[PDB]
């Protein structure tokens, strides 16, 4: 099952991302329950906003917040929830929320699944319009959620992203 999915083929540049929320989907936040591997509704968002890119996580990783690293994956057509994608990390969006540092990496479909994101290698390569849409999403999606706040610092490059993969991976391996 989905709890036995590797972290990636060659960390940290060839990783697997488990999708929990597809791109352009109704405002429903899903999460895989680490206990059973089941997709669970987390909450219905009250805001009239949608995820700009597919959202998921890298399994067998533990970032600073408590949970696996959170990955946003732009794709040509929306992926299915529970499906796994083979990506390459290209950047990270630093933000501090309740949980404290809660970074969101941005990873693009690996070269073997599609030749379309091969020119994107680092955060300056992603379109400017897509960086501001994600940034704006994260600054406002929990605006109608009392007890939820988020300081969206800024963007960070591919090895800032790749360092968070090893660290989070190593942090989980050591119990």
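Residue numbers count along the first chain shown, from 1.
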ask   = If you average the Cα B factors in the entry, which is higher, 141 to 149 or 33 to 41?
value = 141 to 149
request  = Between 106 to 114 and 46 to 54, point out the one with the higher average CA B-factor as the PDB entry records it.
outcome  = 106 to 114
request  = Relative to the other modelled residues of the same chain, rank the CA B-factor of residue 13 and answer lowest, middle or highest third.
outcome  = highest
ask   = Would the CA B-factor of residue 136 place it in the lowest, middle or highest third of its chain?
value = lowest
